[PDB]
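Let me begin by presenting the structure, written as structure tokens, before commenting on it.
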Amino acid sequence: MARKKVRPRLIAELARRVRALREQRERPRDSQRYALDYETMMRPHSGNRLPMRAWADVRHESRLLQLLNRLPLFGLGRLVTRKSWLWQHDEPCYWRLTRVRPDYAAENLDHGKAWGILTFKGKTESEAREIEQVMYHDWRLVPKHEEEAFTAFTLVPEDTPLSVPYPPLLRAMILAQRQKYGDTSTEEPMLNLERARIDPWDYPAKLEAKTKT
Amino acid sequence: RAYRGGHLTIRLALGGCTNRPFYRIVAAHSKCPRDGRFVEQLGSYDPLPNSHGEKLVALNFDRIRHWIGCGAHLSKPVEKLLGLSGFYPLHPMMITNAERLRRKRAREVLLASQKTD
Amino acid sequence: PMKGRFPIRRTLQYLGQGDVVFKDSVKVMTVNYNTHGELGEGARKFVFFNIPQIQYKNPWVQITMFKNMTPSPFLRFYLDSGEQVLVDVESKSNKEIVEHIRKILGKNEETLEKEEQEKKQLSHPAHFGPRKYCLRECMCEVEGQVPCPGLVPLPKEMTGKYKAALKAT
Amino acid sequence: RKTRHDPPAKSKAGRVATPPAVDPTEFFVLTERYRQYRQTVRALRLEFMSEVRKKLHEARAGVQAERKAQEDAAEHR
Amino acid sequence: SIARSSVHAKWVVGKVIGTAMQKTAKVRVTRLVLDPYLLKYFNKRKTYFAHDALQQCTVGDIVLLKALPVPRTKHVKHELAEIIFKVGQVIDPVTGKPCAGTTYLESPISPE
Amino acid sequence: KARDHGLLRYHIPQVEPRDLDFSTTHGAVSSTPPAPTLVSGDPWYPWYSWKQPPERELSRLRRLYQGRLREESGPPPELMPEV
Amino acid sequence: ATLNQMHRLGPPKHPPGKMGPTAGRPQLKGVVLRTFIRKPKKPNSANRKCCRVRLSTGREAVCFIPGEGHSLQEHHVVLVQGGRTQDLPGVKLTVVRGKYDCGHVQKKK
RNA sequence: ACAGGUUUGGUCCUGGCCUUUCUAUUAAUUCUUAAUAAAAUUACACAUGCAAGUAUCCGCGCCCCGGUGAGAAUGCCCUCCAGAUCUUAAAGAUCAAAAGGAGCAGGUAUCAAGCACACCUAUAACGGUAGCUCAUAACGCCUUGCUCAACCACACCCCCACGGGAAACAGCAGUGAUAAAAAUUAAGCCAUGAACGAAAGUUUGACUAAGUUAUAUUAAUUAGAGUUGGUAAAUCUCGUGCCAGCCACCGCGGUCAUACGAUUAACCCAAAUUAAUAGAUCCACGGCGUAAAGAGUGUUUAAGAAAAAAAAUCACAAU
Ligand SMILES: [K+]
Ligand SMILES: [K+]
Ligand SMILES: [Mg+2]
Ligand SMILES: [Mg+2]
Ligand SMILES: [Mg+2]
Ligand SMILES: [Mg+2]
Ligand SMILES: [Mg+2]
Ligand SMILES: [Mg+2]
Ligand SMILES: [Mg+2]
Ligand SMILES: [Mg+2]
Ligand SMILES: [Mg+2]
Ligand SMILES: [Mg+2]
Ligand SMILES: [Mg+2]
Ligand SMILES: [Mg+2]
Ligand SMILES: [Mg+2]
Ligand SMILES: [Mg+2]
Ligand SMILES: [Mg+2]
Ligand SMILES: [Mg+2]
Ligand SMILES: [Mg+2]
Ligand SMILES: [Mg+2]
Ligand SMILES: [Mg+2]
Ligand SMILES: [Mg+2]
Ligand SMILES: [Mg+2]
Ligand SMILES: [Mg+2]
Ligand SMILES: [Mg+2]
Ligand SMILES: [Mg+2]
Ligand SMILES: [Mg+2]
Ligand SMILES: [Mg+2]
Ligand SMILES: [Mg+2]
Ligand SMILES: [Mg+2]
Ligand SMILES: [Mg+2]
Ligand SMILES: [Mg+2]
Ligand SMILES: [Mg+2]
Ligand SMILES: [Mg+2]
Ligand SMILES: [Mg+2]
Ligand SMILES: [Mg+2]
Ligand SMILES: [Mg+2]
Ligand SMILES: [Mg+2]
Ligand SMILES: [Mg+2]
Ligand SMILES: [Mg+2]
Ligand SMILES: [Mg+2]
Ligand SMILES: [Mg+2]
Ligand SMILES: [Mg+2]
Ligand SMILES: [Mg+2]
């Protein structure tokens with residue numbers, strides 16, 4: 001839509017450039033963004049208070065970079081586990097780090113972004129994914145002599161059914177249509193529960209988006 | 001109205017006067033008001049029993065599976081409503097509420113009889 | 001209508017009783033005719049009578065007149081794909097041209113009746129809402145159901161005022 | 001409803017959340033029901049998705065569409 | 001095969017008004033519009049710009065216009081397609097013979 | 001009321017039959033074959049019934065939700081008596 | 001008026017009404033400025049009890065007091081309607097009895 | 001409109017104003033109860049409380065709902081639609097920016113000319129042409145939310161908001177000022193809707209169920225208001241004496257008033273009645289010798305008619 005009296009507003013575009021310029025120049029650093037007071041459980045930067053379900057793990061554990069700084073090359077090729085998987089999953093779950101770049105703002109070097117290779121329930125992916133939920137105070141590091149103990153895995157086949165009956169009313173319509181069209185076979189319809197595999201909710205999602213394929 | 005985002009959703013829209021509710025099963029953008037503009041009206045759901053003791057429900061089955069096929073989200077009550085009809089399996093929260101009713105009723109029966117004796 | 005030679009042709013019924021619907025590919029109709037000679041009687045009467053009917057049924061089709069440019073009256077149709085349809089009228093009467101036009105480019109009777117049949121399903125009888133778009137406005141307008149409390153007051157046991165009183169007591 | 005730029009309240013500025021209790025036996029069964037229920041609905045959602053593809057494909061390049069296209073073209077000539 | 005246009009008029013026929021500008025002819029399109037009160041049709045004149053590459057436009061012609069797939073400016077959205085009736089030089093489309101109004105310039109019944 | 005009791009005359013238009021074809025063959029009105037889970041009496045889905053979780057899973061949940069735990073309950077009653 | 005002329009001029013549309021002495025508002029509140037007596041035009045002769053007030057919009061206009069007898073004094077608050085008195089030219093407002101500082105007519109006692 | 005009252009000593013004609021019908025707000029007089037719908041002075045300044053959280057930290061959401069009609073002739077319908085989001089087998093769908101136009105779109109021409117408003121080449125420069133909109137209303141000015149499952153716009157002001165003035169309830173309730181305009185500083189997330197979580201679930205002044213008010217409709221438990229010369233249903237006895245006063249239009253009162261004020265009686269509506277202001281509706285498909293109306297005359301441009309027939313004039317005082 002348009003009219004013959006359109007006025008060329010310029011301040012709106014001017015504000016957009018300056019606002020975009022300011023945020024790029026004043027982008028908060030990871031050290032100051034995630035710094036936390038361990039008594040009030042309050043975030044000085046965002047002003048957010050952590051939920052009570054996460055209070056215990058903060059004071060009784062360390063994040064990824066706290067256990068990764070004291071390594072020669074920031075632990076490239078090392079295996080890193082997480083307390084969340086250890087408590088709920090008997091099968092071993094770990095990350096094989098590929099590269100890691102911490103931020104120099106922190107005086108103790110306790111922050112940064114890291115990548116790695118995912119191993120969930122003994123299933124290994126063939127691509128590198130950026131590590132999600134790094135700042136969480138639940139990570140742990142496995143020893144060198146225990147590396148092969150956790151790496152060893154026993155493959156257990158899945159016993160879930162591959163087909164389930166249709167819901168009752170929807171089952172009737174399937175029978176009704178084929179009977180109407182002449183298909184009088186009395187074979188019970190089934191649903192292929194094979195393309196509907198659901199990853200567990202604790203599985204980390206891809207931080208990077210997906211481009212056109 | 002032009003919204004930033006939102007997902008297509010099938011939900012219940014309230015109607016009728018006070019003390020006489022009446023829900024219309026409608027499919028509209030999630031960011032629009034409850035009684036606001038909608039894409040297509042599917043059915044109806046009368047919450048009060050009539051003289052025959054029936055709560056009437058209407059569903060546009062061929063259209064309902066069309067919107068679900070194109071990626072429409074369902075709210076809590078419509079899933080329970082569809083589950084009763086048999087189009088969908090019984091919602092897990094529908095069963096658990098049933099089980100809670102039995103246990104509360106079982107406690108109620110025992111509590112009344114314990115006081116009796 | 002009082003003014004004009006034939007006031008009947010300026011009423012809504014006359015504009016609506018002409019049944020000539022062009023296909024979706026017809027865009028421009030050019031009509032050339034003469035103001036003199038007995039041969040142009042069919043062309044002149046077609047312009048004076050049928051053209052208002054044709055345009056009313058085809059609001060998006062341009063109709064342009066040209067007088068005394070060609071000795072032989074004719075009609076020219078321009079399609080969407082650049083196709084040109086030339087219709088020659090030199091002795092055909094008013095009625096003949098309309099029948100001739102209806103067959104070369106008009107729509108079939110089965111196509112028109114099925115088009116409006118699919119239009120009926122838009123206003124589905126099973127829906128509720130405003131009177132302008134739906135038949136009923138509420139479920140209380142259906143016999144047997146609980147009526148609107150405005151007409152018939154509801155029993156006290158169902159009113160929320162009584163429900164809240166006992167819960168607090 | 002509030003906006004992004006208005007300040008929050010003062011009284012409710014200390015609390016964050018208070019999750020309810022968890023029944024161990026009931027929670028596990030409820031979680032198991034959801035895992036199968038979501039799986040079943042997803043298969044139906046994909047089945048309906050394939051139905052829409054079939055309907056749209058037939059409306060575009062179905063056999064009846066070619067008959068209709070040829071019939072009008074033949075009549076026009 | 002995406003060569004559509006966003007305008008509501010794909011093909012229009014109008015009379016040439018003037019050819020003052022360079023390789024562009026301003027034409028006047030005429031359409032019938034129903035007056036709501038009198039229920040009678042009157043002509044409504046609108047001006048269109050058409051791009052003429054060969055400079056073939058003379059004032060007084062009747063020209064068919066074809067919608068341009070991409071506008072060349074804020075006003076030129078149509079391209080000339082053919083000269084339906086050259087001014088003063090009108091050939092009857094039926095008999096393919098030169099004519100001047102009602103009288104035939106050349107007799108169609110005289111091949112030789 | 002009088003017109004409803006026939007005491008007074010009023011116009012009655014002639015009305016065509018509701019349906020075009022009178023067929024009871026379709027499965028919407030005719031009885032459909034019972035489901036294999038219907039004749040057996042088993043619930044339509046395995047998870048509709050109540051199943052006792054393994055004790056290992058119960059211990060894991062108790063550790064995870066320790067402190068805010070609630071009293072657990074057994075299988076629900078099959079039939080609810082009347083007060 | 002032939003067909004073409006009727007088409008060009010369009011259908012006749014009734015002009016909107018002109019605002020009255022009360023500027024379209026049903027009732028206005030004013031402050032009494034002066035009380036005087038106005039006389040009608042023949043063949044009706046009398047002494048009509050009028051008053052001059054300034055309305056809430058700031059304009060100053062002449063008003064009329066219906067009924068017999070009044071106790072209105074300068075700098076009193078009254079309410080004015082939009083009626084008109086036929087006998088008195090110019091006067092186009094009437095004080096509504098029974099509001100603010102003017103009461104109803106007093107029965108003879 | 002089924003029309004009625006009113007020009008004149010009197011008739012006909014032409015032509016205004018007003019009565020009779022329905023809806024809303026305020027005010028006067030009056031008032032018993034219940035239910036439902038609705039709640040409306042003010043884009044003026046605002047005390048206090050509340051209106052966005054959820055969640056094993058990340059993240060997501062945070063005028064979305066809601067509020068208002070200030071602004072703009074804005075617009076309606078319609079073509080195309082990037083981009084954002086959801087679903088997934090990466091091609092389907094929801095919302096749709098910008099841009100565009102078959103047509104439709106308030107008043108005013110005592111606003112008649114606007115003053116760069118066009119186009120070509122190649123470049124995305126330079127160079128070249130001298131054009132574009134407009135009496136079918138350009139360019140101006142004034143008034144204004146709307147064509148309603150809804151849409152367009154604003155979010156203290158400087159059309160915008162880097163900045164500046166300056167320190168924000170046009171979120172619910174409430175207050176000051178102002179206006180003829182007068183709802184509770186209340187309860188709950190039980191339902192539905194929205195946000196977040198895998199999930200039990202949490203928040204939610206949106207909403208649900210209530211509080212308040214003859215503003216409307218219904219039922220019943222409830223009785224007062226207006227009018228009584230004519231149009232227009234209906235009265236007598238006194239007082240007053242062109243005085244006090246009455247009227248929607250015509251009019252009444254100048255010591256024998258069915259018109260003022262009171263009384264008796266009657267009429268008409270009824271928990272309402274009457275008055276006031278807006279709105280619905282209402283002018284010409286009718287007229288131009290005498291009534292408002294054929295412009296002092298002729299030709300031509302825009303534009304429109306032609307359709308059957310037929311038509312270059314002429315002693316005399318044109319210039
Ligand atoms: K009259
Ligand atoms: K709730
Ligand atoms: Mg947060
Ligand atoms: Mg309601
Ligand atoms: Mg009066
Ligand atoms: Mg008078
Ligand atoms: Mg008072
Ligand atoms: Mg008062
Ligand atoms: Mg006279
Ligand atoms: Mg007289
Ligand atoms: Mg009041
Ligand atoms: Mg009430
Ligand atoms: Mg989580
Ligand atoms: Mg709104
Ligand atoms: Mg206002
Ligand atoms: Mg305004
Ligand atoms: Mg303006
Ligand atoms: Mg758009
Ligand atoms: Mg797109
Ligand atoms: Mg897409
Ligand atoms: Mg002037
Ligand atoms: Mg602003
Ligand atoms: Mg605010
Ligand atoms: Mg408020
Ligand atoms: Mg404010
Ligand atoms: Mg106040
Ligand atoms: Mg009010
Ligand atoms: Mg008060
Ligand atoms: Mg109080
Ligand atoms: Mg509360
Ligand atoms: Mg609670
Ligand atoms: Mg809830
Ligand atoms: Mg969710
Ligand atoms: Mg209420
Ligand atoms: Mg009285
Ligand atoms: Mg009186
Ligand atoms: Mg006397
Ligand atoms: Mg009278
Ligand atoms: Mg009297
Ligand atoms: Mg005259
Ligand atoms: Mg005259
Ligand atoms: Mg003249
Ligand atoms: Mg003249
Ligand atoms: Mg001409």
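How things are named: the first chain in the structure tokens is A, the next is B, and so on; residues count from 1 in each chain; ligands count from 1 in the order shown.
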
Show me, as a compact mmCIF listing (two decimals) with N, CA and C atoms, in the first residue's frame, the residues of chain C whose atoms get within 12 Å of chain G, using only C-alpha atoms for the distance check.
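After the write, iface.txt holds the following:
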# COMPACT_ATOMS: atom_id res chain seq x y z
N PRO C 1 -37.37 4.45 -13.89
CA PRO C 1 -36.75 5.37 -14.85
C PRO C 1 -37.74 5.96 -15.83
N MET C 2 -37.76 7.28 -15.95
CA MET C 2 -38.62 7.97 -16.90
C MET C 2 -37.88 8.40 -18.16
N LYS C 3 -36.69 8.97 -18.00
CA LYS C 3 -35.93 9.46 -19.14
C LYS C 3 -35.29 8.31 -19.90
N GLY C 4 -34.96 8.56 -21.16
CA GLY C 4 -34.37 7.56 -22.01
C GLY C 4 -35.39 6.93 -22.95
N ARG C 5 -34.88 6.35 -24.03
CA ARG C 5 -35.75 5.74 -25.03
C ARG C 5 -36.37 4.44 -24.52
N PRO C 7 -36.45 2.78 -21.00
CA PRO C 7 -36.09 2.78 -19.57
C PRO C 7 -35.98 1.39 -18.97
N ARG C 10 -32.54 -0.17 -18.13
CA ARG C 10 -31.72 0.45 -17.10
C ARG C 10 -32.14 0.02 -15.70

Can you tell me, as a count of residues only, which residues in region 18-107 of chain E count as strand (DSSP E or B) by DSSP?
46

Using only C-alpha atoms and a cut-off of 12 Å, which residues of chain F sit close to chain A? Please list them as a PDB file with C-alpha atoms, in the first residue's frame.
ATOM      1  CA  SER F  23     -28.567 -47.872   1.645  1.00  0.00           C
ATOM      2  CA  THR F  24     -27.701 -49.519   4.962  1.00  0.00           C
ATOM      3  CA  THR F  25     -24.697 -51.324   3.458  1.00  0.00           C
ATOM      4  CA  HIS F  26     -22.084 -48.760   4.526  1.00  0.00           C
ATOM      5  CA  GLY F  27     -20.041 -49.421   7.650  1.00  0.00           C
ATOM      6  CA  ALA F  28     -21.165 -46.220   9.366  1.00  0.00           C
ATOM      7  CA  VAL F  29     -24.560 -47.797  10.080  1.00  0.00           C
ATOM      8  CA  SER F  30     -23.674 -51.508   9.784  1.00  0.00           C
ATOM      9  CA  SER F  31     -21.704 -53.342  12.452  1.00  0.00           C
ATOM     10  CA  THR F  32     -17.900 -53.515  11.943  1.00  0.00           C
ATOM     11  CA  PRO F  33     -15.827 -56.593  12.865  1.00  0.00           C
ATOM     12  CA  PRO F  34     -14.547 -56.503  16.452  1.00  0.00           C
ATOM     13  CA  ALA F  35     -10.941 -55.599  17.100  1.00  0.00           C
ATOM     14  CA  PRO F  36      -8.589 -58.391  18.231  1.00  0.00           C
ATOM     15  CA  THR F  37      -8.068 -56.458  21.471  1.00  0.00           C
ATOM     16  CA  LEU F  38     -11.831 -55.953  21.871  1.00  0.00           C
ATOM     17  CA  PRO F  43      -7.273 -52.582  26.847  1.00  0.00           C
ATOM     18  CA  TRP F  44      -6.841 -51.034  23.414  1.00  0.00           C
ATOM     19  CA  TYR F  45      -3.262 -50.008  24.227  1.00  0.00           C
ATOM     20  CA  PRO F  46      -0.693 -51.672  26.505  1.00  0.00           C
ATOM     21  CA  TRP F  47      -0.025 -48.456  28.443  1.00  0.00           C
ATOM     22  CA  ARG F  56      15.753 -49.376  40.258  1.00  0.00           C
ATOM     23  CA  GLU F  57      13.854 -46.582  38.499  1.00  0.00           C
ATOM     24  CA  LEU F  58      12.050 -45.696  41.735  1.00  0.00           C
ATOM     25  CA  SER F  59      15.381 -45.326  43.540  1.00  0.00           C
ATOM     26  CA  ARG F  60      16.699 -43.055  40.782  1.00  0.00           C
ATOM     27  CA  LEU F  61      13.679 -40.746  41.028  1.00  0.00           C
ATOM     28  CA  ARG F  62      13.946 -40.583  44.823  1.00  0.00           C
ATOM     29  CA  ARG F  63      17.567 -39.437  44.584  1.00  0.00           C
ATOM     30  CA  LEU F  64      16.775 -36.842  41.910  1.00  0.00           C
ATOM     31  CA  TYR F  65      13.738 -35.403  43.736  1.00  0.00           C
ATOM     32  CA  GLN F  66      15.050 -35.845  47.278  1.00  0.00           C
ATOM     33  CA  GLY F  67      13.778 -33.423  49.908  1.00  0.00           C
ATOM     34  CA  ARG F  68      10.625 -32.489  47.985  1.00  0.00           C
TER      35      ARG F  68
END

Residue neighbourhood region 62-78 of chain E, 8 Å, only C-alpha atoms (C1' of nucleotides), exclusion window fewer than 4 positions, as a list in words
residues 3, 4, 5, 7, 9, 10, 11, 12, 13, 14, 15, 16, 27, 48, 49, 50, 51, 82, 83, 84, 85, 86 and 87 of chain E

List all protein, DNA and RNA residues that have any atom at most 10 Å from ligand 33, counting only C-alpha atoms (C1' of nucleotides) and all ligand atoms, and write the list as a ChimeraX atom specification.
/B:73,75-76 /H:195-199

Export of the given selection (N, CA and C atoms (P, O5', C5', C4', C3', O3' and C1' of nucleotides)) as a PDB file, in the first residue's frame:
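Result file follows (out22.pdb):
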ATOM      1  N   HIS B  73      -0.846 -27.031  15.897  1.00  0.00           N
ATOM      2  CA  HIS B  73      -0.744 -27.504  17.268  1.00  0.00           C
ATOM      3  C   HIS B  73      -2.125 -27.639  17.896  1.00  0.00           C
ATOM      4  N   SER B  75      -4.319 -27.780  21.635  1.00  0.00           N
ATOM      5  CA  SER B  75      -4.297 -27.405  23.038  1.00  0.00           C
ATOM      6  C   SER B  75      -4.673 -28.603  23.908  1.00  0.00           C
ATOM      7  N   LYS B  76      -4.603 -28.410  25.225  1.00  0.00           N
ATOM      8  CA  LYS B  76      -4.943 -29.489  26.152  1.00  0.00           C
ATOM      9  C   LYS B  76      -6.381 -29.974  26.011  1.00  0.00           C
TER      10      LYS B  76
ATOM     11  P     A H 195       1.461 -19.144  23.102  1.00  0.00           P
ATOM     12  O5'   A H 195       2.425 -18.790  24.318  1.00  0.00           O
ATOM     13  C5'   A H 195       3.091 -17.539  24.368  1.00  0.00           C
ATOM     14  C4'   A H 195       3.965 -17.422  25.590  1.00  0.00           C
ATOM     15  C3'   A H 195       4.852 -18.615  25.898  1.00  0.00           C
ATOM     16  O3'   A H 195       6.022 -18.653  25.101  1.00  0.00           O
ATOM     17  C1'   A H 195       3.793 -17.887  27.878  1.00  0.00           C
ATOM     18  P     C H 196       6.602 -20.060  24.588  1.00  0.00           P
ATOM     19  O5'   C H 196       7.256 -20.700  25.891  1.00  0.00           O
ATOM     20  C5'   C H 196       8.349 -20.069  26.536  1.00  0.00           C
ATOM     21  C4'   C H 196       8.660 -20.722  27.858  1.00  0.00           C
ATOM     22  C3'   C H 196       8.788 -22.234  27.837  1.00  0.00           C
ATOM     23  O3'   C H 196      10.054 -22.676  27.382  1.00  0.00           O
ATOM     24  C1'   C H 196       7.419 -21.585  29.648  1.00  0.00           C
ATOM     25  P     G H 197      10.191 -24.086  26.626  1.00  0.00           P
ATOM     26  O5'   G H 197      10.080 -25.158  27.798  1.00  0.00           O
ATOM     27  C5'   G H 197      11.040 -25.189  28.841  1.00  0.00           C
ATOM     28  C4'   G H 197      10.705 -26.230  29.878  1.00  0.00           C
ATOM     29  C3'   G H 197      10.265 -27.583  29.348  1.00  0.00           C
ATOM     30  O3'   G H 197      11.346 -28.395  28.929  1.00  0.00           O
ATOM     31  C1'   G H 197       8.796 -26.902  31.060  1.00  0.00           C
ATOM     32  P     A H 198      11.289 -29.133  27.504  1.00  0.00           P
ATOM     33  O5'   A H 198      10.008 -30.072  27.615  1.00  0.00           O
ATOM     34  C5'   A H 198       9.602 -30.884  26.525  1.00  0.00           C
ATOM     35  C4'   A H 198       9.236 -32.272  26.984  1.00  0.00           C
ATOM     36  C3'   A H 198       8.120 -32.361  28.013  1.00  0.00           C
ATOM     37  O3'   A H 198       6.830 -32.286  27.434  1.00  0.00           O
ATOM     38  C1'   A H 198       9.934 -33.702  28.705  1.00  0.00           C
ATOM     39  P     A H 199       5.698 -31.359  28.098  1.00  0.00           P
ATOM     40  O5'   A H 199       5.428 -32.036  29.514  1.00  0.00           O
ATOM     41  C5'   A H 199       4.854 -33.330  29.600  1.00  0.00           C
ATOM     42  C4'   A H 199       4.980 -33.903  30.989  1.00  0.00           C
ATOM     43  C3'   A H 199       4.378 -33.076  32.112  1.00  0.00           C
ATOM     44  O3'   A H 199       2.977 -33.245  32.228  1.00  0.00           O
ATOM     45  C1'   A H 199       6.540 -33.798  32.733  1.00  0.00           C
TER      46        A H 199
END

By how many Å are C1' of residue 307 (chain H) and CA of residue 52 (chain C) apart?
18.5 Å

List all protein, DNA and RNA residues that have any atom at most 10 Å from ligand 42, counting only C-alpha atoms (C1' of nucleotides) and all ligand atoms, and write the list as a PyMOL selection string.
chain H and resi 294-297

Can you write just those residues out, N, CA and C atoms (P, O5', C5', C4', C3', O3' and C1' of nucleotides), as a PDB file, in the first residue's frame?
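Just written: selection_1.pdb:
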ATOM      1  P     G H 294     -33.242  32.543 -16.460  1.00  0.00           P
ATOM      2  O5'   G H 294     -33.533  32.097 -17.961  1.00  0.00           O
ATOM      3  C5'   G H 294     -33.158  30.806 -18.424  1.00  0.00           C
ATOM      4  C4'   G H 294     -32.648  30.841 -19.844  1.00  0.00           C
ATOM      5  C3'   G H 294     -33.639  31.358 -20.883  1.00  0.00           C
ATOM      6  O3'   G H 294     -32.926  31.981 -21.953  1.00  0.00           O
ATOM      7  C1'   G H 294     -33.064  29.135 -21.395  1.00  0.00           C
ATOM      8  P     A H 295     -32.514  33.533 -21.883  1.00  0.00           P
ATOM      9  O5'   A H 295     -31.345  33.569 -20.804  1.00  0.00           O
ATOM     10  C5'   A H 295     -30.172  34.336 -21.023  1.00  0.00           C
ATOM     11  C4'   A H 295     -29.165  34.111 -19.923  1.00  0.00           C
ATOM     12  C3'   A H 295     -27.814  34.779 -20.106  1.00  0.00           C
ATOM     13  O3'   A H 295     -27.830  36.142 -19.724  1.00  0.00           O
ATOM     14  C1'   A H 295     -27.506  32.530 -19.441  1.00  0.00           C
ATOM     15  P     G H 296     -26.854  37.200 -20.434  1.00  0.00           P
ATOM     16  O5'   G H 296     -27.266  37.141 -21.971  1.00  0.00           O
ATOM     17  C5'   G H 296     -28.557  37.549 -22.397  1.00  0.00           C
ATOM     18  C4'   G H 296     -28.520  38.111 -23.794  1.00  0.00           C
ATOM     19  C3'   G H 296     -27.873  37.227 -24.848  1.00  0.00           C
ATOM     20  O3'   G H 296     -28.751  36.238 -25.354  1.00  0.00           O
ATOM     21  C1'   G H 296     -26.993  39.405 -25.014  1.00  0.00           C
ATOM     22  P     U H 297     -28.183  34.799 -25.789  1.00  0.00           P
ATOM     23  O5'   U H 297     -27.475  35.071 -27.189  1.00  0.00           O
ATOM     24  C5'   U H 297     -28.225  35.516 -28.309  1.00  0.00           C
ATOM     25  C4'   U H 297     -27.338  35.754 -29.502  1.00  0.00           C
ATOM     26  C3'   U H 297     -26.540  34.554 -29.987  1.00  0.00           C
ATOM     27  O3'   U H 297     -27.298  33.693 -30.818  1.00  0.00           O
ATOM     28  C1'   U H 297     -25.122  36.440 -29.835  1.00  0.00           C
TER      29        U H 297
END

Which residues are close to residue 9 (chain B), i.e. within 6 Å by only C-alpha atoms (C1' of nucleotides), leaving aside same-chain residues fewer than 3 positions away? Reply as a list in words.
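Within the cut-off, the hits are residues 27, 28, 30, 72, 73 and 74 of chain B.
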
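The two atoms in question, CA of residue 14 (chain C) and CA of residue 106 (chain C), are spaced 19.1 Å apart.
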
Please produce, as CSV, a per-residue contact table for chain H versus ligand 27 (criterion: any atom at most 12 Å away, only C-alpha atoms (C1' of nucleotides) and all ligand atoms considered), showing the nearest atom pair and its distance in Å to one decimal, sorted by chain then residue number.
residue,atom,partner,partner_atom_place_in_ligand_line,distance
H:24,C1',ligand 27,1 (Mg),10.8
H:25,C1',ligand 27,1 (Mg),7.2
H:26,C1',ligand 27,1 (Mg),8.1
H:38,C1',ligand 27,1 (Mg),10.6
H:39,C1',ligand 27,1 (Mg),7.1
H:40,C1',ligand 27,1 (Mg),6.4
H:41,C1',ligand 27,1 (Mg),9.6
H:180,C1',ligand 27,1 (Mg),11.3
H:181,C1',ligand 27,1 (Mg),6.1
H:182,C1',ligand 27,1 (Mg),7.8
H:183,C1',ligand 27,1 (Mg),10.4
H:213,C1',ligand 27,1 (Mg),8.8
H:215,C1',ligand 27,1 (Mg),7.0

Expected selection as JSON, numbers by chain for ligand 26 within 12 Å, only C-alpha atoms (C1' of nucleotides) and all ligand atoms
{"H": [41, 46, 174, 175, 176, 177, 178, 179, 182]}

Residue set, region 4-169 of chain C restricted to alpha helix (DSSP H), as a PyMOL selection string
chain C and resi 12-16+41-45+51-57+94-104+109-120+160-168

Counting only C-alpha atoms (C1' of nucleotides) and all ligand atoms, which protein, DNA or RNA residues come within 9 Å of ligand 13, given as a VMD selection string?
(chain A and resid 201 to 202) or (chain H and resid 55 to 56 58 197 to 198)

Write out as a PyMOL selection string which residues come within 9 Å of residue 36 (chain H) when counting only C-alpha atoms (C1' of nucleotides), dropping same-chain ones fewer than 6 positions away.
(chain B and resi 17-18) or (chain C and resi 148-151+153) or (chain H and resi 217-218)

At a cut-off of 12 Å around ligand 9, and using only C-alpha atoms (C1' of nucleotides) and all ligand atoms, what residues come up? Please write them as a ChimeraX atom specification.
/H:7-8,10-15

Nearby residues, ligand 40, 8 Å, only C-alpha atoms (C1' of nucleotides) and all ligand atoms, as a ChimeraX atom specification
/H:291-293

Neighbourhood of ligand 21 at 12 Å, counting only C-alpha atoms (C1' of nucleotides) and all ligand atoms, reported as a list in words
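Every residue with an atom at most 12 Å from ligand 21 is listed here: residues 108, 109, 110 and 111 of chain H.
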
Pull out every residue of chain B that has at least one atom within 7 Å of chain A, counting only C-alpha atoms, and report them as JSON, numbers by chain.
{"B": [86, 87, 88, 89]}

Counting only C-alpha atoms (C1' of nucleotides) and all ligand atoms, name the residues that have an atom within 12 Å of an atom of ligand 2; the answer should be given as a list in words.
residues 76 of chain B; 188, 189, 190, 191, 192, 193, 194, 201, 202, 203, 204, 206, 207 and 208 of chain H

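Environment of ligand 25, defined as every protein or nucleic acid residue with an atom within 8 Å of it and counting only C-alpha atoms (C1' of nucleotides) and all ligand atoms, comprises residues 43, 156, 168, 169 and 170 of chain H.
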
Written selection (C-alpha atoms (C1' of nucleotides)) as a PDB file, in the first residue's frame:
ATOM      1  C1'   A H  43      -4.657  11.591  23.693  1.00  0.00           C
ATOM      2  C1'   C H 156       4.235  11.430  27.151  1.00  0.00           C
ATOM      3  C1'   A H 168       4.881   9.418  31.348  1.00  0.00           C
ATOM      4  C1'   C H 169      -1.840   4.386  34.294  1.00  0.00           C
ATOM      5  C1'   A H 170      -4.864   5.864  26.190  1.00  0.00           C
TER       6        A H 170
END
